[PDB]
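Residue numbers (the deposited numbering), protein chains in the order written: chain F, -1 to 349; chain E, 1 to 349; chain D, 1 to 349; chain H, 1 to 349.
See structure below.
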Ligand SMILES: Cc1cc2nc3c(=O)[nH]c(=O)nc-3n(C[C@H](O)[C@H](O)[C@H](O)COP(=O)(O)O)c2cc1C
Ligand SMILES: Cc1cc2nc3c(=O)[nH]c(=O)nc-3n(C[C@H](O)[C@H](O)[C@H](O)COP(=O)(O)O)c2cc1C
Ligand SMILES: Cc1cc2nc3c(=O)[nH]c(=O)nc-3n(C[C@H](O)[C@H](O)[C@H](O)COP(=O)(O)O)c2cc1C
Ligand SMILES: Cc1cc2nc3c(=O)[nH]c(=O)nc-3n(C[C@H](O)[C@H](O)[C@H](O)COP(=O)(O)O)c2cc1C
Ligand SMILES: [Cl-]
Ligand code: NA
C-alpha cells in the first residue's frame, strides 16, 4: 500500500485532475424534447462528482436536433441550452469533479426510442456516409453531401465552443458505436464512391476534418478527447491496426487523448466480453502510437483500474455501469488502496 | 468468456487455466530438506483451489544454497521420495506440479521469519565479496570452477525434479540470491570476466540457464524468475532484463516470471496492485517471450485484465493463496465460469 | 472488539473463537466407513482456516444407519485408527475436533448426491412405516428390543468417539433422520408408548440423549442438532422444540444446534440469510439452553451480529467453508481482530 | 577471543571451531560392518558436545582390512544406509561428519580389546613377510595387482563415504596398519620399488592419496593420518614425515593428522601432554601443510596455546571425549566464549 497511481493527479492540457478516474458518458434519456438539461441530470451527475471521479464526461449531447440518439438526449445546438448546461457544469465542478462533455452525432442510428420504452426507430430523416440501414427497422440513411457534412462539421465546432462557454473544460467527440463519425470509419457502413470512401485515407477524412475544426476552437489548456470504436469486430471492417493509423493522425492534429471503445457499427457481430476486454486497444494505441489513452469496458475494481495504469496500458480509467450502481465507488476505491480519499466534511465520519 | 480460465499451451503441456501459485517458502522442511506433512496439506489444498499450476517453493540445489535450515532441498537423491509424493498428490487435486530450483547466494543461511530471520554465519558464496547487509557473512567470490560446480547442482537438481514428476522447472534468478546477485551490479562489482559488463554479469546466469535447459525436454517448459529491477539507481534496470530475456528466449526458456527487488534492502519500491505487471508487459511485447505476472494480484477482474491487455500469458498468485487457498474456484464463478469444484464441494457453490 | 473471536467456554474446554464447522457429509469413506485421505485433507484444511471447532460429518453408529455406503462409521473398533488420526490431524491445525453421531433412519441407504442420490433399497428402520417419500424404502417400525440396540449404538459411538480424541459429540436428531423422524409426527404415527403424545414421541430421543450424556464426561460438552421445525403442517412446531429443549437442558445437554426441515420434502422453507437463527434465538432466551446458529451464515458482520444480539453462543458454518476454508481467518482481520494465523502465512496477512 | 573457537575454513567448509573428535574404534559394528545403534548414539552425543568436526572411527575398505570383525565397513553398499543415518545424526547435532578409511594390514583380524585382543589368523596383508609380533599371522607381501586392489578399494570407499554425506574423509596411514607399514622400514623390508628407500616406502601410500584425491572434490578436505615417527631405532623419523608431508601437500591433500607409534610394540614412547604436537608443529612450519594436533590434549587452555603458537590448525580430541563428550561446550565457557549450546541446555550453562 506504499502507492496508488489511480489516485495520483493526471495532467492533461492545462489542468490537473485529482485522480485518474473519469465517468464514461452515459445517456440518461431524461432531457426535454428540445434537449434542455432537466432536474434528473442535476442530481445524477453532481452525485457522481461527489463520488470522487476526477472527471465527469456527461452523456452524448447532439450537435444537431436530428443527430440525437433519442428524442430526450441532451442538446448543444441552440444557445438556449447554455442555462441548463452552464448550471450542470457548475454543480459538477462544485462537487469536486472537472466537468467535461461528449459531442456526438448519431448518424444512421439516430432517432431511437428510449431503451426502456422500446428502443425502436421513430422514423427520422437520419444521415450517414452511405445509404445502408443500421439494421432492419431503421430508416434508410441519407448519404451526406459536403454541404451537409460542413453543417455537421460546423455543428461540432459551434457545439464545442458552446460547451466551453458553459464551463465544460473537456470535450470528447463521439466517433464510435456506429454513430455518424464511426459510420464513416468502418467499411461495414461506408461504401461511398467519393473522396470520403473507398481508401482508408478517404474514409478517415471527414472524421479527421471534424477533429481539426474542433481542435482550433478549443484552447490548448483544455484537452480534446475522442472516443472511437477501436474495432467493429466484423471482418472486412475497422481493425485494431487501422485504429493505430487513425490514432496516429489524431495525435498529430493535437488531440490530447483517446477513449478506446469498440463495437456498435453493426449488430450481427460477436464481442469478446470480459473484464478489461477493451484494454488491449488502449494499450496498443498508447505504446505503439504514443497518444494518451483512456481505458473503458467492465472496469469495476480498484485493483483492476490501478493495475492497467501501473502496466502503462492507459493514463485514465473511465467507469460506466459501475457508477450507475455505485456512484461513490471512487471514494471507497481510494480507501481500498490505502489512500485517504478527500471526502466532503459532512461524510468524513463515514470513512 | 474469460481468458483467465482458458487453457494455456506452454512447451508441450496444457494448463486447465492461466492461474498459477507463485513459489513461496514455508520454512517447514526438514533439517535435511525433506518434504514434511505441512507441504502435503499446504500445496494440495491450493491445487484443489483450482490453480492450473502449482509452483513449489524455492528448493535449494545445495545445502549452502538454502535460505533457512528448514528449506526444501533437491541436492540428494534421498529427497526424491518426499518430493515425488508431494508432486504426486499435487496432481491428485488437479494442478500441474512445478518446482523452483534456487541458490540463496549471499543471502543464504538466515533464520526463519518468526525465529528472527537473522544470518547464521554460513560460508555463503556470491559474485563479489560484499555482505548483503550488516550482519551477513561476507560472501566468498566464486571461481570459474566454483560456479561450474553450482551449475551441475542446478542441472542434476533439475534432472531430479523430472524424475519426481515435476513437469515445470523454474530457475530462481531474482531477489538478490546467487544468480540474481550475478546480474545486478549493486552486488556484483567483479573485476574479472564475470562482472562489470551486462554480458559478464549475464554469463554465469545464462550458463546455468542453458545447462539446465539441455536436460529439460522441449515439451516441459523451463521458467525463469528474475528481479526485473534492483530499484536502486545504477542497478539492474528493466532494459537489462529486456536483454536478458532476449538471450534467455534464444536459449529455449519458454517463459519468464518477472519479479523485482531483493538485491538490497536500502531502496524504495513503487508498491501497488500489479506494480510488477509493467515488467511482464514490457518483456512479453518487446521481446516476444511468454511472461508471468506476479505482485499483488488479488482480484479476478484484474488478473483477467492484464491477460486481456497482453501484459502476460500466466498470472501468478502469492499471498492471496495463503489467506484464500480456494480463491481460483470462487474467482471463476465471479467471472461467469463454471467453477471446477470437487463433487464433494459442488453443493457449496 | 469482536466477540465472534472471543473465547467460548463450554463444559470444561475453551475454543479459540465462536466459529464452528457444521457437519457436512463428504460421502468419501470406505464401504466399511473408514477415514480416507480425503477427510485427512478436507478437515485439516479448515482447521488451519481458523474455526475454533470442527464438527465432522455425520458418522453412522450402525452400518444401515448410514446415509450413503461411503459415510463415516463408528460401529467397529477398526475405525479408531482413521478416526484418531483425523482428530489428531484437526487438533494440530488449531481447531478442536468434534464429531456428529447419527442414524439416518428411514432416509438411510441413499446413493451419493452426485451419483443420483436415489435409494438403494436397504432395510432401513424408523418409528412408523412411512416412506420419507415415494421411491424410498418404507422404514420398518422398531421394537423396544430393537430400539435398545440403536440406543446402545449411540452410546457406543460416543464412548468410541472419546477414545479417538473428539472432545465434543453432537447427536444428530434433525433433518428427518432416525431420531428426527421420531420427533416430527409427519413420520411418527406409532401406537405404542413412543408415539402420539409429544412426551411419547420425545421419549426415545431423550433416552438416547440421556444415555450418551452418561458416557460423556462433564468437561466435554454434549451437543444436539435438532430440526427446530419441519415446515410441515401438523408437525413439529416452534414451541414443541422449546419443550423438547427444556427437557434436554435438564438432561445435561450443554448446547443445541438448531437447523430445520428434512422430515418431509413436500414443504415450504423461507430461504434467507440466517433464516434459522430465530430458532436458535428462541431456545437461548426462553429455555436457557445454549444454542448454535446455522443457516446461510456467510459474512463476518452477520455472525458477530447474531452473537451480539444474543441469539446464539456458537455460529456454525456450512457451505461457506466448502468454498472458503480459511474464511474465519480473513473474517477476524475484516473485523479489526488480529487472527492467530500459522507462522508460515503471517506474511500473507 | 580464543582461537580454539574461531571458525576454521578448510576446503569449502567452515567448522564452528577448531575442535574435532579423533577417530576411535568402538568395535561395536555388526559382523557385516554395518552401523549399529551404539554408533548412532555415541557419535551424535559428542557432536552435540560442540566439536566442530566428528571423524568417525577407522572404517575398513576390505573385510580383511578390518581390525576386528566388528569394525565399521564401507566395502559393500549395504553399509550406506547405516552410514548415511550416522552422518546425518552427526550433522543434526551440529558437527560436520567425517570418516576415516583404513586398512589394518598385518594387524588385521584381532579380537576386541575387552575380549582378549588376540589375533584370529586371517590372511592379513602387508609389505614384507614379517609378523607384527609373535602370535600374529605372518603377512603375505602384496603384488602391484594386490596393492592396486586396495588402492581402488580405498578410492571407492571415499566415493562411497562422500555419497553418504561425510564431508571430510581421512586416510589412515598411521599406527602400523597397512599403509603405515609400507612407510616404516621396521615393517617394510621389501626388495622391489615399494620398500627400502623412503620414496619407495612412500610410493604405494602416495598412490592411494593421489587416487583418493582425484575422486574427492576440492571443497571437501582430504585428511591423512600418519605415524609421524615409529619411535623405533633407524626407522620412520620426523624428518621422514616432513618429506612424506611435502609430497602429499602437492597431491592436494588439505591437512595432515600427526600420530606416532604402532608400527611395532617393543618400543618406548615419550608419554606426555601434547608429546606428538612437535610433529604437527614441525610439519606446519617446515612444509607448509596444515596440521592436526592430537595426543593427551585434555584442557581448554592447552589447546588454545598450541593453536596460538601456530603448532596446528585443528585440535583433535580422543580419550577426552569418551569420558567428557560435552568437554568442548564447557571449554568455551572456560575461555570466556559463549558456546552455542542446544536451547534445551542453555540454562545449564
Ligand atoms: C445506459 C448506458 C448508456 C450509455 N451511453 C453512452 C454514450 O452516450 N456515449 C458512449 O460513448 N458510451 C455510452 N455507454 C457505454 C459506457 O460508457 C461504457 O463504454 C460501457 O458501459 C463499458 O464500460 P462499463 O462496463 O464500465 O460501463 C452507455 C452504457 C450504458 C449502460
Ligand atoms: C512467505 C512468502 C514467501 C515467499 N517465498 C518466495 C520464494 O521462495 N521464491 C520466489 O521467487 N518468491 C517468493 N515470494 C514472493 C512471491 O512469490 C511473490 O513474488 C511476491 O510475494 C509478490 O506476489 P504476491 O504479492 O501476489 O503475493 C514469497 C512471498 C511470501 C509472502
Ligand atoms: C454437502 C452438505 C452436506 C451436509 N451434511 C450434514 C450432516 O452430515 N449432518 C448435519 O447435521 N447437517 C449437514 N448439512 C447441513 C449443514 O450442516 C447446515 O445445516 C446447512 O448447510 C446450513 O448452514 P450453511 O448455509 O452455512 O451451509 C450439510 C450441508 C451440505 C451442503
Ligand atoms: C579405543 C581407542 C580407539 C582408537 N581408534 C583409532 C582409529 O581407529 N584410528 C586412528 O587414527 N586413531 C585411533 N585412536 C587413537 C586416538 O584417536 C588418538 O590419536 C590417541 O588416543 C591420542 O589422543 P588422546 O590421548 O587425546 O585420546 C584410538 C584410541 C583409543 C583409546
Ligand atoms: Cl467538409
Ligand atoms: Na444531405
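The C-beta atom is built at its ideal place from N, Cα and C for all residues, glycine as well.
Item                                                                                                                                        : Value
Residue span of the beta strand (DSSP E) that contains residue 98 (chain H), given as start and end                                         : 96 to 102
Beta-carbon spacing of residue 273 (chain D), residue 296 (chain D) below 8 Å                                                               : yes
Whether residue 73 (chain F) touches residue 33 (chain F) by CB criterion (8 Å)                                                             : yes
Given residue 224 (chain D) as reference, the closest of D:28, D:310, D:43 and D:55 once Cα atoms are compared                              : D:55
Sub-8 Å separation of residue 150 (chain E) and residue 139 (chain E) beta-carbons                                                          : no
CB contact below 8 Å: residue 275 (chain D) versus chain E                                                                                  : no
C-beta contact flag for residue 248 (chain E) and residue 157 (chain E) at 8 Å                                                              : no
Range of the contiguous beta strand (DSSP E) that encloses residue 54 (chain F)                                                             : 53 to 60
Heavy atom of ligand 6 within 7 Å of residue 142 (chain F) beta-carbon                                                                      : yes
Residue span of the alpha helix (DSSP H) that contains residue 9 (chain H), given as start and end                                          : Premise fails: residue 9 (chain H) lies in the beta strand (DSSP E), 8 to 10, not in any alpha helix (DSSP H).
N-terminal and C-terminal residue of the beta strand (DSSP E) that residue 170 (chain F) is part of                                         : 168 to 173
C-beta neighbour in chain E for residue 348 (chain D), strict 8 Å                                                                           : yes
Same chain, Cβ closer than 8 Å to residue 38 (chain F), neighbours up to 5 away in sequence not counted                                     : 26 and 28
Beta-carbon contacts of residue 208 (chain D) that lie in its chain and below 6 Å, excluding the five residues immediately before and after : 151 and 154
Contact list for the segment 11 to 37 of chain D against chain E, Cβ threshold 9 Å                                                          : 24, 25, 26, 27, 28 and 37
Member of H:16, H:6 and H:24 whose CA lies at the smallest distance from the CA of residue 323 (chain H)                                    : H:24
Within chain H, partners of residue 123 (chain E) - CB distance below 9 Å                                                                   : 7, 9, 12, 13 and 14
Three-pair Cβ contact test at 8 Å for the segment 288 to 308 of chain D versus the segment 262 to 269 of chain D                            : no
Reference residue 58 (chain E); option with closest CA among E:52, E:51 and E:68                                                            : E:68
Of the listed residues D:142, D:105, D:147 and D:348, nearest to residue 136 (chain D) (C-alpha basis)                                      : D:105
Local conformation of residue 209 (chain F) per DSSP, three classes                                                                         : helix
Short Cβ contact (8 Å threshold) for residue 3 (chain F) with residue 219 (chain F)                                                         : no
Proximal residues of chain D, C-beta to C-beta of residue 41 (chain E) below 9 Å                                                            : 40, 41, 44, 45, 48, 89 and 93
Exposure label - residue 41 (chain H); buried when at least 16 CB within 10 Å                                                               : exposed
In DSSP terms, what residue 314 (chain F) is bridged to                                                                                     : F:292
Runs of alpha helix (DSSP H) wholly within the segment 214 to 257 of chain D (minimum 4 residues, chain order)                              : 238 to 251
Residue 203 (chain H) versus residue 234 (chain H) - alpha carbon distance                                                                  : 19 Å
Under 9 Å from the C-beta of residue 120 (chain E): neighbouring residues of chain F                                                        : None at all; the shortest Cβ gap to chain F is about 30 Å.
Identified DSSP bridge partners for residue 20 (chain F)                                                                                    : F:53 and F:316
C-beta neighbour in chain E for residue 309 (chain F), strict 8 Å                                                                           : yes
Contact check, residue 52 (chain F) vs residue 15 (chain F), beta carbons under 8 Å                                                         : yes
C-beta atoms of residue 177 (chain E) and residue 103 (chain E) nearer than 8 Å                                                             : yes
Whole-angstrom C-beta distance between residue 22 (chain E) and residue 316 (chain E), which should lie under 8 Å                           : 4 Å
Alpha carbon of residue 352 (chain E) to alpha carbon of residue 109 (chain E), nearest angstrom                                            : Given that chain E is displayed from residue 1 to residue 349, the structure contains no residue 352 (chain E) and the question cannot be resolved.
Residue 110 (chain E) - DSSP class collapsed to helix/strand/coil                                                                           : strand
Through-space distance from residue 319 (chain D) to residue 348 (chain F), alpha-carbon basis                                              : 32 Å
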